[PDB]
Amino acid sequence: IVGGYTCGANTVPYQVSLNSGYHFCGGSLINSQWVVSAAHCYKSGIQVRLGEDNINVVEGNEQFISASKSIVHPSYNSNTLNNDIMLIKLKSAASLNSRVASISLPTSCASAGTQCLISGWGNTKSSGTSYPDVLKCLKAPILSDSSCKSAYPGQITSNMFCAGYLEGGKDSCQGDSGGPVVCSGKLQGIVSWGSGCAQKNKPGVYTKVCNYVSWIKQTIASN
Amino acid sequence: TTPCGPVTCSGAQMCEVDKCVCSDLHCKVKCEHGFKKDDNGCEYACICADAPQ
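Just so you know, the sequences run in chain order A and G.
Letter by letter, the first sequence follows residues 16 to 34, 37 to 67, 69 to 125, 127 to 130, 132 to 183, 184A, 184 to 187, 188A, 188 to 204, 209 to 217, 219 to 220, 221A, 221 to 245 of the authors' numbering.
Mapping of the second sequence onto the authors' numbering: position 23 corresponds to residue 29, and the numbering continues sequentially without gaps.
Now the structure itself:
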């Protein structure tokens, strides 16, 4: 998270780290057994680390669970990154509580202007790699579909939304993919793509989770 | 990759009217060894390199 603050303690209980030998993505816990994430984070045999504080030391809460089914969205386009959404089913159900807790799915999409919380363990530096040990948080508003489309001409689909600061300085970054974008206690978007990090006039792009609520719900009920 | 003006964009190149350039466009994953680079020097949007460059 380029230009963020340490979340500290545990205020992002629904956060999870996708490991494949090392951390490579984040994800949100939708409920005991399922984890939503960026379809481009898909990898063969992912291991989910929940209730993490420091992704290197055993900070009390330590839960490494293997993923049973890693269901990628059936229309995700690896090129356009449209429909960048994937559901993960944990081999074993995660232990819900005050530590690890699920985040709620939205019922209606966030109107532009809404202030959200993006979080992750991705790179902090704009230029150069400085991957943090602790979870970083970033308050950021949802930009207008217009400023979004203008920044990334045509590339911005109906399943994408821009969030951050057009000025730059604060934005999600490599290692933050699949992470949560919570607005008013709901999961609104998944950290997806953008140009570099915190670059002026190049806001972070995120997956519009509200458009996938149905799919999410059906997938869980059948698998 | 795309035919472009008098030239032809290969692998990781994006076509700019008449010239093929690289992009800083990337998904936000964490490649252990960074993004994979084509023979032209560009890095692919969201594909990681299998070994340090």
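Don't be surprised by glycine CBs; every beta carbon is placed ideally from N, CA and C.
Less than 8 Å divides the Cβ of residue 119 of chain A from the Cβ of residue 28 of chain A. In this structure the segment 189–203 of chain A does not touch the segment 7–20 of chain G; the number of beta carbon pairs closer than 8 Å is below three. Remark: C-beta atoms of residue 189 of chain A and residue 216 of chain A approach each other more closely than 8 Å. The contact set of residue 59 of chain A on chain G, defined by CB atoms closer than 9 Å, is empty, because the minimum CB distance reaches about 10 Å. Under the three-pair Cβ rule at 8 Å, the segment 14–31 of chain G counts as touching the segment 41–58 of chain G. For residue 240 of chain A, the enclosing alpha helix (DSSP H) begins and ends at 235–244.
The count of Cβ pairs closer than 8 Å, one atom from the segment 137–152 of chain A and one from the segment 99–107 of chain A, stays below three, leaving the stretches out of contact. Excluding sequence positions up to five before and after residue 84 of chain A, its CB lies within less than 6 Å of the CB of 64, 109, all in the same chain and listed in chain order.
Between the alpha carbons of residue 22 of chain A and residue 147 of chain A lies a distance of about 22 Å.
Counting the other Cβ atoms within 10 Å of the Cβ of residue 133 of chain A gives fewer than 16, which makes it exposed. According to DSSP, residue pairing for residue 83 of chain A in a beta bridge involves A/65.
With respect to chain G, the C-beta atom of residue 213 of chain A has a partner C-beta closer than 8 Å. Chain-ordered, the chain A residues with CB closer than 9 Å to the CB of residue 30 of chain G read 217, 219, 221, 224. Between residue 213 of chain A and residue 234 of chain A, the C-beta spacing is not below 8 Å. Contact of residue 192 of chain A with chain G is assigned, a C-beta pair being separated by under 8 Å. Using a Cβ distance threshold of 8 Å, residue 193 of chain A and residue 40 of chain A count as a contacting pair. With respect to the 8 Å criterion, residue 164 of chain A and residue 185 of chain A are not classified as neighbours on the basis of their beta carbons. Counting along the chain, no beta strand (DSSP E) covers residue 145 of chain A, and no H or E run does either. With fewer than 16 other Cβ atoms inside 10 Å of its own Cβ, residue 95 of chain A counts as exposed. In chain order, 41, 42, 57, 58, 192, 195 make up the part of chain A whose C-beta sits under 7 Å from the C-beta of residue 35 of chain G. Residue 31 of chain A is not a Cβ neighbour of residue 59 of chain A, given a cutoff of 8 Å.
Within chain A, no C-beta atom comes nearer than 8 Å to that of residue 15 of chain G; the closest sits roughly 14 Å away. Residue 71 of chain A places its beta carbon 8 Å or farther from that of residue 158 of chain A.
Per the DSSP secondary-structure output, residue 32 of chain A pairs in a beta bridge with A/43, A/66. Here residue 221 of chain A is buried: its Cβ has 16 or more other Cβ atoms, across all protein chains shown, within 10 Å. The DSSP-derived three-state label of residue 32 of chain G is strand. Taking each of G/48, G/59, G/56 in turn and checking the Cα distance to residue 28 of chain G, the smallest one comes out for G/48. Nearest Cα to residue 232 of chain A within the set A/153, A/245, A/123: A/123. When secondary structure is reduced to three states using DSSP, residue 189 of chain A falls in the strand class.
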